[PDB]
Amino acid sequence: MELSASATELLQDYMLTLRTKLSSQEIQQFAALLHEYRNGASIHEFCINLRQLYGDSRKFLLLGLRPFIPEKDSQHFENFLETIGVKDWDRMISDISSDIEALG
């Protein structure tokens, strides 16, 4: 066996980090992008839109987004992280969470 952390707590952690770096509006925008991604938007468009929303100063946050990306898109996501040089409420939290689970 191995040590692991639940998707729930990880999500909570990532959300707290976002509240640390993003405004309420920006967080809502994040949720909307996540929703579009769940509804069939490509991983590429999702990445681009996230990099646009976060901006150059907050794009590092994308690293912590990694565990929530489906296995099928994980390689593309990693390549995006490498490309951008970063590698190498509760009612809304429920929608975000459901989107996360659905992606998995």
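Quick note: we count residues from 1 along the sequence shown, nothing fancier.
Unmodelled residues of the deposited sequence between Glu9 and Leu10: none, the chain being continuous. Looking at mean Cα B-factors across 11 to 19 and 91 to 99, the upper value is held by 91 to 99. Sorting the modelled residues of the chain by their CA temperature factor places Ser74 in the middle third. Per the PDB record, residue ranking by Cα B-factor puts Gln29 in the middle third of the chain. The entry lists a Cα temperature factor for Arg38 that places it in the highest third of the chain's modelled residues.
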